[PDB]
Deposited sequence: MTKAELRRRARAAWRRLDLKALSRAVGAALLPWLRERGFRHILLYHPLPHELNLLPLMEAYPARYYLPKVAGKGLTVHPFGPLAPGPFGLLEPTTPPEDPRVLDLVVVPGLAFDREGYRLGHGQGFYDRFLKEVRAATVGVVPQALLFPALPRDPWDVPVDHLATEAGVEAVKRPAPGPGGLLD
């Protein structure tokens, strides 16, 4: 089937769950991995609907944190900071050692059902960093329809903890 049909299914799943609680659970279950790896420069995201709030990570795991900003067809990286649009300077993405990627759903190969704009697809080609897709277990779907422009994450984090995506 189509990505549109899958997105409808993912939304039905998101509404049977408690987003605050799953946000807390996913954040908690990330912490051993973050500590083991010792990541220091992490890109999060500003939480939208059918998304986990993982901003409480910052207090739980002290690090330099960053947020993406849309600029053109691209994501740019700004430190977590004041807004009026961020006031912190733009920064080159190579400073990051971890990218945390939200999604409507992911498959176990690390592919995501996104917002359809290509931002993460373009952005994930410019980083050399560990990546992790964050999702409730219920939003781990069977293999998503695959396109040449799709870029997978290499780890997944659910309320059960962090797991590798098998190398393609």
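Undergrad: Comparing the deposited sequence with the modelled residues, which stretches have no C-alpha coordinates?
TA: According to the deposited record, C-alpha coordinates are absent for 85-91, 176-184, which together make up the missing parts.
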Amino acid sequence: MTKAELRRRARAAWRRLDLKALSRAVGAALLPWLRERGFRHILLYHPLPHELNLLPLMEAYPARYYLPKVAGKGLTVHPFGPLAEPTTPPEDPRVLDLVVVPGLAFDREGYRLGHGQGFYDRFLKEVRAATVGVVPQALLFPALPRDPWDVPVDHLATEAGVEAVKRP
From here on, numbers count along this sequence of modelled residues.
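Undergrad: Return whichever of 121-129 and 36-44 has the greater mean Cα B factor according to the PDB record.
TA: Stretch with the higher mean C-alpha B-factor: 121-129.
Undergrad: So which stretch wins on mean C-alpha B-factor, 98-106 or 61-69?
TA: In the deposited entry, the stretch with the higher C-alpha B-factor mean is 61-69.
Undergrad: Reading the B-factor column of the entry, which of 142, 136, 49, 27 has the highest value at its C-alpha atom?
TA: The listed residue with the largest C-alpha B-factor is 49.
Undergrad: Once the chain's modelled residues are ordered by C-alpha B factor and cut into thirds, is residue 1 in the lowest, middle or highest one?
TA: Residue 1: CA B-factor falls in the highest third of its chain.
Undergrad: Of the three thirds of its chain by CA temperature factor, lowest, middle or highest, which one includes residue 12?
TA: It falls in the top third of the chain.
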